[PDB]
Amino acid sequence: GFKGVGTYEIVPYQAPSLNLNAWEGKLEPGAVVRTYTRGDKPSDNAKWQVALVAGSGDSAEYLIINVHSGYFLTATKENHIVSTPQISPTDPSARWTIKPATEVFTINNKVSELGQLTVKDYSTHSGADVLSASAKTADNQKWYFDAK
C-alpha cells in the first residue's frame, strides 16, 4: 500500500508479476519507462523514491525518483511513453498526485492535459510501454505501491 513518502515498487494492476522499470537501468538521462518482470528482489532501476514536494494528504504532489539514476518520472506528451529525463524538480510535468482508484491507486500528472500513468494496450506482458494518457477509469490506469 501507498503510505506516503518512501521507496516503492510500482506495480501495474492488471499484471502484478511486473513492475515499473526504467528501461536498461543506465545512468544516462532520458530512459523510457516500461513494465518488466519483477524478479524476487527488484533491481534499483525498478525502485522509485516517492518524494513529497508540495501540499499534504489530499493536496500532496510528489516526484517519483528512480532509485538507480536519480532522474524523475516525467510525462512529455499525452498518449506518449513516460521517461526519466534530466528535468527541474519544479517542472509540473515531473510532478504527480497519487490517489485511491475508488490498495489500488492512480498516478496523475500535475499537468492535467498529460493524464495519468497507463499501460499501453492493456498489456499484461513484460516490456509494455507505460504512457501518460487521459483518465478513462480503466484497469490499465490502476497501480499498486509495494514498500521496499
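Start at 1 with the first residue shown and count on from there.
According to the PDB entry, the deposited sequence contains 4 to 9 residues between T102 and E103 that lack coordinates. Mean C-alpha B-factor is higher over 116-124 than over the other stretch, the pair under comparison being 26-34 and 116-124. In this entry, the higher average B-factor at the C-alpha atoms falls on 135-143, of the pair 135-143 and 9-17.
Per the deposited record, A54 carries the highest C-alpha B-factor of all listed residues (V67, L63, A54, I81). Considering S93, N45, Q86, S59 together, the PDB entry gives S59 the largest C-alpha B factor. Among the modelled residues of its chain, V50 has a C-alpha B-factor that falls in the lowest third according to the deposited record.
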